[PDB]
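Asker: Have a look at the structure that comes next, please.
There are 4 protein chains.
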Amino acid sequence: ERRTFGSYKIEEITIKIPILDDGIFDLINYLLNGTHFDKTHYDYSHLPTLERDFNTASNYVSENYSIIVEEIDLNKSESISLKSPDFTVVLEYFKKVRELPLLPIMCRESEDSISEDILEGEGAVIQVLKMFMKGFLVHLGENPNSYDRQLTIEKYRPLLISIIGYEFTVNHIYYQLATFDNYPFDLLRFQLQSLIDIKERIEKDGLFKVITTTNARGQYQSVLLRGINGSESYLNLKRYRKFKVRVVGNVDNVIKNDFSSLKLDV
Amino acid sequence: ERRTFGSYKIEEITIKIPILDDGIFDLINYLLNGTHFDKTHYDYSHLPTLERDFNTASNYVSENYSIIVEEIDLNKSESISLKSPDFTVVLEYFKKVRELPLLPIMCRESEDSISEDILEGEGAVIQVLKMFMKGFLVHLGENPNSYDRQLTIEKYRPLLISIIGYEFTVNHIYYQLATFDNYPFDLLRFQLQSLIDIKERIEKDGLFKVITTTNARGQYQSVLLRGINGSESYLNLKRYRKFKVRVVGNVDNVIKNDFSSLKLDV
Amino acid sequence: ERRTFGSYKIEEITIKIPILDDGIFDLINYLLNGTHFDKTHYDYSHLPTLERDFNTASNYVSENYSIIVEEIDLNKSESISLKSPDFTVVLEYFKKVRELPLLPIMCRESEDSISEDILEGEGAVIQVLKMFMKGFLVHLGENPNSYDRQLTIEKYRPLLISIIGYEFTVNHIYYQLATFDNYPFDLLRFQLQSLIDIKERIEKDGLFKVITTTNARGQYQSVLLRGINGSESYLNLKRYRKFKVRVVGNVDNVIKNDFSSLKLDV
Amino acid sequence: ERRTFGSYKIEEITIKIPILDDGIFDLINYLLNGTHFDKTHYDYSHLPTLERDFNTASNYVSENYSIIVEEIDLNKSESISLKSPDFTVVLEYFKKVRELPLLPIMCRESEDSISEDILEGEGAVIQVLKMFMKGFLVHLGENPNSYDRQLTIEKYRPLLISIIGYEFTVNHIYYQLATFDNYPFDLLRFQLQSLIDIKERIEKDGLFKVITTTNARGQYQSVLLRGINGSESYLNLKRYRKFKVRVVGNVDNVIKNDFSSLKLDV
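Below, the structure written as structure tokens:
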């Protein structure tokens with residue numbers, strides 16, 4: 005049941045709306061367990080250390096997830115969610155509700171205080187997700203679709219955000244890619260090339280803005296990304312699911328048969 | 005937009045029930061206009080005179096349909115329907155309701171009184187539909203499906219009925244095929260072979280029974296086919312439709328592009 | 005209130045749909061108590080040791096059921115259910155929810171470690187159910203019905219599965244019988260004979280497949296039987312009930328009377 | 005599709045209420061057409080001239096019905115209804155509403171003015187219906203039912219009324244039978260014998280009463296029968312229908328087969 009890495013899938017519904049399969053839910057869940065690429069749902076020549084870095088990040092995410100797995104009840111669905119710009123995962127577990159900030163880059167006054175092995179773990183993680191996005195876009199170019207003009211990249215925004223955030227906290240392409248989550252596929256397929264210009272000054276002084284609302288019952292902090300267009304965007308949650316693939320097998324071994332052989336009457 | 009002759013198609017719906049595309053509605057409609065196989069929605076080596084007999088029958092059905100087309104109003111949907119055993123088509127036309159018995163074989167006391175050219179027209183028609191069913195079943199054998207165990211032949215019953223009716227009014240396979248409209252596909256795919264045994272006596276004395284109910288508002292005649300199992304079946308209407316294929320085109324000319332070529336950052 | 009062994013019954017409902049009576053719910057319940065054939069709801076000449084093996088299996092199932100009966104509360111309906119391929123029963127009990159795997163054949167690394175008396179108990183059980191199915195099919199042949207073309211064998215699939223599973227873990240007929248749970252009655256009545264052909272190679276390497284879905288809240292294992300058609304099928308639950316027969320007695324002793332005897336006026 | 009004369013049938017419905049089939053709707057409809065007993069839905076030794084008188088009455092009713100059939104439109111369901119004590123039938127006919159008093163005995167000041175052939179026609183009719191009721195009751199005695207205690211004779215009241223009306227206008240049994248339309252079947256089956264006593272005086276002075284209500288929009292006449300109990304009853308309409316028997320045939324010719332003959336594995 006393998007599939008190419010960085011993939012997407014397209015599903016039909018009608019009473044003919046299409047929907048996208050992410051390639052995200054599975055990646056997160058695999059990273060939870062430290063599963064290695066060999067025993068994964070996933074021809075990667077131009078992907079150096081794809082399994083190598085992949086498994087390193089799998090391991091790193093595995094212990095990090097275990098860090099909060101310890102407190103979890105045995106008894107206490112799965113609706114994983116992500117938040118920009120520290121790129122935090124969100125989980126729940128019921129009887130029959156926590157988070158973990160995988161890549162906190164908002165504020166880190168421990169540049170040398172944080173050990174270098176941990177730093178390498180994050181660097182592997184970000185490399186994995188970045189070239190993951192690269193594979194996703196090359197896959198986009200590979201096999202187009204009727205519905206290429208029907209949906210947008212909007213899912214993948216925060217990952218690009220984390221990309222450029224690290225880049226500045228160590238580009239134009241990934242930046243402007245993030246700039247328009249509403250941007251459509253076949254568009255990129257046509258004009259991926261010249262998307263280059269703000270030039271220096273709106274990002275020399277912080278890539279993003281932070282504003283907190285004193286809602287008198289809490290302090291709703293919020294991040295406002297800044298785009299090459301010279302604009303801003305609210306960062307927002309996007310809870311995920313994963314479609315429950317049904318249990319159908321395959322015709323694979325069915326014995327096809329001839330009919331002229333049978334003495335059909337005429 | 006060609007397709008193989010005698011074809012079927014499989015469509016998914018969910019809130044994953046499959047549905048069948050007949051290869052019947054289109055055939056009837058084509059036969060209405062006398063359209064020739066060249067300009068039809070349809074690799075036919077083992078199908079002798081397929082286009083030849085096909086177009087002969089197209090012509091014959093075209094005039095026959097015109098016989099009642101004349102009375103039709105300009106102004107006065112399409113929900114074509116069929117009745118066994120004289121294999122009659124049923125039409126309607128509204129402002130914004156008739157029939158024609160294509161192959162009346164119940165009673166014909168004009169064996170030589172009916173002209174031989176008309177007889178040849180019907181013989182071409184029945185040959186066309188018979189080898190049509192042959193193509194349908196060979197197509198069944200060709201490409202199986204997950205859903206081969208989910209539906210039955212029930213649509214095609216009356217055609218087989220007409221087949222054997224002509225045969226007797228000039238076999239075991241087509242007969243027993245008709246005998247169980249509820250019969251499933253992949254079943255036939257497995258045990259098409261030995262379906263041979269009633270032996271002579273229930274069909275020497277008429278293949279079918281006729282019973283009329285004096286409903287005091289009419290005389291509902293009805294035909295009761297007799298099957299190799301030694302049983303009977305009510306013959307019933309089955310109104311047809313045809314799914315309205317949407318207007319989507321194709322990725323056909325889309326320019327796929329490379330990505331390692333673009334100076335992606337890493 | 006006796007009935008023939010391996011029986012079935014047919015019931016009408018309308019606002044004229046028929047329904048089947050299994051001969052399964054009762055068999056299971058009888059086997060629960062170790063009840064002997066004499067004091068059962070059940074002319075068995077061709078059924079050697081029918082009561083003998085029947086009562087042996089009744090005893091074996093009785094202790095096996097008692098094995099989990101012990102934990103049951105006094106206070107804590112009946113909706114018995116079965117699962118292939120280890121052929122497990124499923125029970126519940128409420129105040130006003156367990157199982158037992160009668161014939162676990164999926165994995166048994168105790169071929170000589172399991173005592174021979176237990177093995178004989180299972181062998182008696184499987185013999186009982188197998189010739190039970192034999193009686194069911196001979197009964198099918200005996201008295202046909204209007205509705206023989208209206209339903210399928212689908213209920214009895216897992217039992218046949220267990221049959222062939224034991225056979226391989228010690238045939239074509241019972242195998243192919245299982246292969247199409249959707250297979251219709253009067254069909255079998257006609258073509259029971261030649262249903263023989269995969270030939271060796273798809274079953275030399277395991278009769279079935281096992282696939283588990285890591286649903287992130289559990290590990291849904293599932294079994295995928297392989298059929299002579301060269302295909303697969305999901306194994307599925309089928310919860311049972313039993314119709315509550317009403318309390319009507321009989322005209323049995325009613326005194327029929329003459330009327331010409333009474334001095335009717337004319 | 006024959007059945008015994010004067011018959012009844014019992015049908016089940018549940019969400044196990046039984047319903048009765050009359051043997052009345054059919055009799056009326058047959059009498060409408062003058063159909064003869066040979067070509068009717070109907074072992075009559077104790078029924079002298081059953082077909083003879085039956086066909087005489089069939090003829091008489093046929094012309095009488097034709098008397099009003101003449102005015103009927105071609106275009107202008112069937113819900114035949116009956117009224118005591120002149121025992122009048124009630125019909126309707128729509129595009130997609156009359157009556158006829160078969161046996162007017164309320165007032166006839168033409169005792170010799172009415173021709174004797176017409177009189178013989180009515181006498182045949184009344185004999186037919188009377189011994190019809192006789193057959194119905196002997197059939198009741200013949201085959202009892204679980205539901206014999208669930209319904210009453212109420213349908214057949216007016217016919218008995220006409221019987222005794224003629225008798226007086228030329238008994239105890241048929242009289243008292245009519246007296247309690249609510250009377251139950253198996254009751255009669257037990258105590259048919261001694262139902263004999269008003270003695271002369273309430274019927275010497277008219278068997279019935281007539282009362283008309285001047286409803287200021289019409290004159291609703293009504294008849295009030297008098298019973299051996301010394302009581303009265305309103306005479307009332309009872310519109311009829313007839314259940315639409317479905318089109319199912321028969322297993323009649325099905326080939327039952329052996330199973331020990333087939334080389335079943337064990």
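Protein chains in written order, with UniProt numbering: chain A, 5 to 19, 44 to 70, 74 to 107, 111 to 130, 155 to 228, 238 to 264, 269 to 337; chain B, 5 to 19, 44 to 70, 74 to 107, 111 to 130, 155 to 228, 238 to 264, 269 to 337; chain C, 5 to 19, 44 to 70, 74 to 107, 111 to 130, 155 to 228, 238 to 264, 269 to 337; chain D, 5 to 19, 44 to 70, 74 to 107, 111 to 130, 155 to 228, 238 to 264, 269 to 337. Each residue gets a CB set at the ideal place from its N, CA and C atoms; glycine is no exception.
#1: Assess contact between the region 283-297 of chain C and the region 249-259 of chain B, defined as three or more Cβ pairs (one per stretch) separated by less than 8 Å. Is contact present?
#2: Residue 46 of chain C touches chain B at which residues, Cβ-Cβ below 9 Å?
#3: Once the 5 residues before and after residue 219 of chain A are set aside, which same chain residues still bring their CB inside 7 Å of it?
#4: Within 10 Å of its beta-carbon, does residue 51 of chain C have 16 or more other beta-carbons around it, so buried, or fewer, so exposed?
#5: Step through the CB atoms of chain C and report whether any lies within less than 7 Å of the CB of residue 194 of chain D.
#6: Kindly indicate if chain A contains any beta-carbon less than 7 Å away from that of residue 301 of chain C.
#7: What residues from the region 247-263 of chain C come within 9 Å of chain B, judged by C-beta to C-beta, listed N to C?
#8: Residues in its own chain within less than 6 Å of residue 124 of chain D by CB, not counting five upstream and five downstream?
#9: Report the rounded CA-to-CA distance for residue 278 of chain C versus residue 223 of chain C, giving the unit in angstroms.
#10: Count the other CB atoms, across all protein chains shown, that sit within 10 Å of the CB of residue 174 of chain B; report buried if there are 16 or more and exposed otherwise.
#11: Can you tell me which of B:257, B:264 and B:56 puts its alpha carbon nearest to the alpha carbon of residue 195 of chain B?
#12: Taking the C-alpha atoms as reference points, what is the distance between residue 329 of chain A and residue 276 of chain C?
#13: Could you give the first and the last residue of the continuous beta strand (DSSP E) run that contains residue 68 of chain D?
#14: Taking Cβ positions, are residue 300 of chain B and residue 294 of chain D nearer each other than 7 Å?
#15: Roughly how many whole angstroms lie between the Cα atoms of residue 247 of chain B and residue 210 of chain B?
#16: Output the boundary residues of the beta strand (DSSP E) element that contains residue 124 of chain D.
#17: Strictly below 8 Å CB to CB, what residues from chain A border residue 269 of chain C?
#18: Could you tell me the distance, in whole angstroms, from the CA atom of residue 273 of chain A to the CA atom of residue 163 of chain A?
#19: At a CB distance below 7 Å, what residues from the region 46-68 of chain D approach chain B? Give them in sequence order.
#20: Which same chain residues, not among the five before or five after residue 310 of chain A, have their C-beta less than 6 Å away from its C-beta?
#21: Quick check: is the beta carbon of residue 319 of chain C nearer than 7 Å to any beta carbon in chain D?
#22: Check whether chain B comes within 7 Å of residue 199 of chain A, counting only Cβ atoms and requiring the distance to be less than that.
#23: Grab me the residues of residue 13 of chain B's own chain with a C-beta within less than 6 Å of its C-beta, minus the 5 sequence neighbours each way, in chain order.
#24: Between residue 6 of chain C and chain B, is there a C-beta pair that is closer than 7 Å?
#25: List the residues of chain C that residue 207 of chain B touches, going by C-beta distances under 7 Å, in chain order.
#26: Say whether chain D places a C-beta atom closer than 7 Å to the C-beta of residue 202 of chain C.
#27: Please classify residue 250 of chain A: does DSSP put it in a helix, a strand, or coil?
#28: Taking C-beta pairs closer than 7 Å, name the residues in chain D that residue 330 of chain C reaches, listed in chain order.
#29: Are there 16 or more other CB atoms within 10 angstroms of the CB of residue 216 of chain A, so buried, or fewer, so exposed?
#30: Report, in whole angstroms, the separation of the C-beta atoms of residue 68 of chain B and residue 58 of chain B, which I expect to be a contact under 8 Å.
#31: Does residue 284 of chain B pass the burial test, meaning 16 or more other C-beta atoms within 10 Å, or should it be called exposed?
#32: Just checking my contact of residue 240 of chain D with residue 66 of chain C at CB under 8 Å: how many whole Å lie between their CB atoms?
#33: According to the Cβ coordinates, are residue 186 of chain C and residue 84 of chain C closer than 7 Å?
#34: Is there a Cβ of chain A sitting closer than 7 Å to that of residue 286 of chain B, yes or no?
Answerer: Considering the structure as presented:
#1: No, because fewer than three Cβ pairs between the region 283-297 of chain C and the region 249-259 of chain B fall closer than 8 Å, the two stretches do not touch.
#2: As a working note, residue 46 of chain C is residue 18 in the third sequence. Simply none; closest approach about 14 Å.
#3: The residue labelled residue 219 of chain A in the question sits at position 161 within the first sequence. 118, 119, 245 and 296, listed in sequence order.
#4: Here the question's residue 51 of chain C lines up with position 23 in the third sequence. Flag for residue 51 of chain C reads buried.
#5: As a first step, residue 194 of chain D is located in the fourth sequence; it is residue number 136 there, counting from the start. Not closer than 7 Å to any Cβ of chain C, the Cβ of residue 194 of chain D fails to qualify, so no.
#6: The sequence position of residue 301 of chain C within the third sequence is 230, counting from 1. Residue-level contact check: residue 301 of chain C touches chain A, since one or more beta carbons of chain A fall below 7 Å from its beta carbon.
#7: Along the region 247-263 of chain C, going in chain order, the ones with a CB nearer than 9 Å to a CB of chain B are 247, 248, 249, 250, 251, 253, 254, 256, 257, 258, 260, 261 and 262.
#8: Indexing the fourth sequence from 1 puts residue 124 of chain D at position 90. Scanning its chain for C-beta atoms nearer than 6 Å, with the 5 sequence neighbours on each side dropped, one finds around residue 124 of chain D the residues 115 and 157, in chain order.
#9: Working through the third sequence from its first residue, we reach residue 278 of chain C at position 207. Working through the third sequence from its first residue, we reach residue 223 of chain C at position 165. The alpha-carbon atoms of residue 278 of chain C and residue 223 of chain C are separated by roughly 8 Å.
#10: Sequence index remark: in the second sequence, residue 174 of chain B carries index 116 (1-based). Residue environment for residue 174 of chain B: exposed (fewer than 16 other C-beta atoms within 10 angstroms of its C-beta).
#11: Counting from one through the second sequence, the residue named residue 195 of chain B turns up at place 137. Comparing Cα positions, the closest option is B:257.
#12: As a first step, residue 329 of chain A must be located in the first sequence, where it is residue number 258. As a first step, residue 276 of chain C must be located in the third sequence, where it is residue number 205. Residue 329 of chain A and residue 276 of chain C have their alpha carbons spaced roughly 27 Å apart.
#13: By one-based count along the fourth sequence, residue 68 of chain D stands at place 40. Under the DSSP assignment, residue 68 of chain D falls outside any beta strand (DSSP E); it carries neither an H nor an E label.
#14: For the purposes of this step, residue 300 of chain B is taken as residue 229 along the second sequence, with counting starting at 1. For the purposes of this step, residue 294 of chain D is taken as residue 223 along the fourth sequence, with counting starting at 1. Not closer than 7 Å, so no.
#15: By 1-based counting over the second sequence, the position of residue 247 of chain B is 180. By 1-based counting over the second sequence, the position of residue 210 of chain B is 152. C-alpha separation (whole angstroms): 9 Å.
#16: Within the fourth sequence, residue 124 of chain D is the residue found at index 90, counting from 1. Per DSSP, residue 124 of chain D belongs to the beta strand (DSSP E) from 122-125.
#17: In the third sequence, residue 269 of chain C corresponds to position 198, counting from 1. For the C-beta of residue 269 of chain C, the chain A residues within less than 8 Å are, from N- to C-terminus, 324 and 326.
#18: For the purposes of this step, residue 273 of chain A is taken as residue 202 along the first sequence, with counting starting at 1. For the purposes of this step, residue 163 of chain A is taken as residue 105 along the first sequence, with counting starting at 1. Rounded to the nearest whole angstrom, the CA to CA distance from residue 273 of chain A to residue 163 of chain A is 19 Å.
#19: Of all residues in the region 46-68 of chain D, 57 have a Cβ within less than 7 Å of some Cβ in chain B.
#20: Looking up residue 310 of chain A in the first sequence gives position 239. Excluding five sequence positions before and after residue 310 of chain A, the CB atoms of its chain that fall closer than 6 Å to its own CB belong to 113 and 115, given in chain order.
#21: Locating residue 319 of chain C in the third sequence gives position 248, where the first residue counts as 1. True, the Cβ-Cβ gap to chain D drops below 7 Å.
#22: Your numbering for residue 199 of chain A matches position 141 in the first sequence. Residue 199 of chain A counts as touching chain B.
#23: Here residue 13 of chain B is taken as the residue at index 9 of the second sequence, counted from 1. If we look at residue 13 of chain B and ignore the five residues flanking it on each side, its Cβ neighbours are 49.
#24: By one-based count along the third sequence, residue 6 of chain C stands at place 2. It does not; no Cβ of chain B falls within 7 Å.
#25: As a working note, residue 207 of chain B is residue 149 in the second sequence. Per Cβ cutoff of 7 Å: 247 and 249.
#26: Translated into the one-based positions of the third sequence, residue 202 of chain C becomes position 144. Yes, residue 202 of chain C counts as interfacial toward chain D.
#27: On the first sequence, residue 250 of chain A is found 183 positions in, with the first residue counted as 1. Taken through DSSP and simplified to helix, strand or coil, residue 250 of chain A comes out as coil.
#28: As a working mapping, residue 330 of chain C is identified with position 259 in the third sequence. Residues of chain D passing the Cβ test: 195, 196 and 199.
#29: On the first sequence, position 158 is the one that residue 216 of chain A refers to. So residue 216 of chain A ends up on the buried side.
#30: Within the second sequence, residue 68 of chain B is the residue found at index 40, counting from 1. Within the second sequence, residue 58 of chain B is the residue found at index 30, counting from 1. Taking the Cβ atoms as the reference, residue 68 of chain B lies roughly 6 Å from residue 58 of chain B, within the contact range of under 8 Å.
#31: Locating residue 284 of chain B in the second sequence gives position 213, counting from the first residue. Residue 284 of chain B should be labelled exposed.
#32: Taking the first residue of the fourth sequence as 1, we reach residue 240 of chain D at position 173. Taking the first residue of the third sequence as 1, we reach residue 66 of chain C at position 38. Taking a contact as a CB-CB distance under 8 Å, the pair residue 240 of chain D and residue 66 of chain C does not count as one, their CB atoms being some 52 Å apart.
#33: Against the third sequence, residue 186 of chain C aligns to sequence position 128. Against the third sequence, residue 84 of chain C aligns to sequence position 53. Taking 7 Å as the Cβ cut-off, residue 186 of chain C and residue 84 of chain C qualify as a contacting pair.
#34: Indexing the second sequence from 1 puts residue 286 of chain B at position 215. So no, residue 286 of chain B is outside the interface.
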